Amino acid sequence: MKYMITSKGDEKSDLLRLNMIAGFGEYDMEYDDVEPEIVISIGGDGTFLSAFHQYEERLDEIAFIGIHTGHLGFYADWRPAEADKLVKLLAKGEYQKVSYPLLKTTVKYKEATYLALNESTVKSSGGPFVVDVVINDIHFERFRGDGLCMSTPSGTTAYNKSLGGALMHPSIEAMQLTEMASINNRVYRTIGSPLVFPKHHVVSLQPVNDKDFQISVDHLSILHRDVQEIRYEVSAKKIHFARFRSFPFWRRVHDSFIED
């Protein structure tokens, strides 16, 4: 089975990568970073993010594995000392697949589309941030403030969390929108609360004056000029994980935030 391995780049991660490759050499496993069926990421959640985007064009043909070298990561839930056990199980195909929902972002000017594993956020180019929020073609509110964040289920433990958003189990096909320092006057009104949308619901952000926005997708952040619309919806695409043992999302949340 074709596979590839990305690395954080530091000494610890590269040597672990080299050892796993040597181990894979003792099995019927072909290293291939062009069309792998298995992508192993060694490092943190930031390394896993990169691995995901590196292969976002063939998400349906890939099963991802995360190794943390590293504090306990949400995506990288494998200890380094378990690497040898890992190469074994991967070789004999003793694993099933677990899928998480993704977020689709469409920027219309032409138009560009992006896929997020964590979230996509929108900010202004420097001036004040003012946008109209439209839900399924119905004007919901005019948001004034620092920006808006639209998170996937697995992304709720990231940026979303810092903004007061709720943590959602990744078996729920939804996206969550949170506010960033909204102005609430006797003249300016936002909902304040995070909003959780189901599949097929479309949230559209529309410029009021300034048409330039700094739009981020996970770790990537690009300036978009002359934007007519930003469109959010639960993607039809999903990310597939290879799971060899039980590591429940809530236990992962506990170990990362409460006590490990």
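For the two forms, the rigid core is made up of the largest set of C-alpha atoms that agree within 1.5 Å on superposition. Numbering starts at 1 and follows the sequence shown.
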- [ ] Consider 184-192 and 99-107 separately and indicate which one has Cα atoms farther, on average, from the shown form in 6 other deposited structures of this protein after rigid core alignment.
- [x] 184-192
Open item on the list: For the other entries of this protein included in the comparison (both sides of the residue modelled), is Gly66 absent in a third of them or more?
Closed with: no
Task: Sequence continuity check, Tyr188 and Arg189 (deposited residues unmodelled) - done: none
TODO: Look up the CA B-factors in the entry and say which stretch, 30-38 or 195-203, has the higher mean.
DONE: 30-38
TODO: Give the stretch, out of 153-161 and 98-106, with the larger mean C-alpha temperature factor in the deposited entry.
DONE: 98-106
TODO: From the list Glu57, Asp218, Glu233, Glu229, select the residue with the highest C-alpha B factor recorded in the entry.
DONE: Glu57
TODO: For the C-alpha B-factor as written in the entry, point me to the maximum among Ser125, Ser182, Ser171, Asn118.
DONE: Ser125
Task: Chain third (lowest, middle, highest) by recorded CA B-factor, residue given as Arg142 - done: lowest
- [ ] Could you look up the Cα B-factor of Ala51 in the entry and say which third of the chain it sits in: lowest, middle or highest?
- [x] lowest
- [ ] Consider only the C-alpha atoms of the modelled residues in this chain, order them by B-factor as the entry records it, and name the third containing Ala112: lowest, middle or highest.
- [x] middle
Open item on the list: Quick check on the deposited entry: does the C-alpha B-factor of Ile258 sit in the lowest, middle or highest third of its chain?
Closed with: middle
Task: Chain thirds of CA B-factor: placement of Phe249 - done: lowest
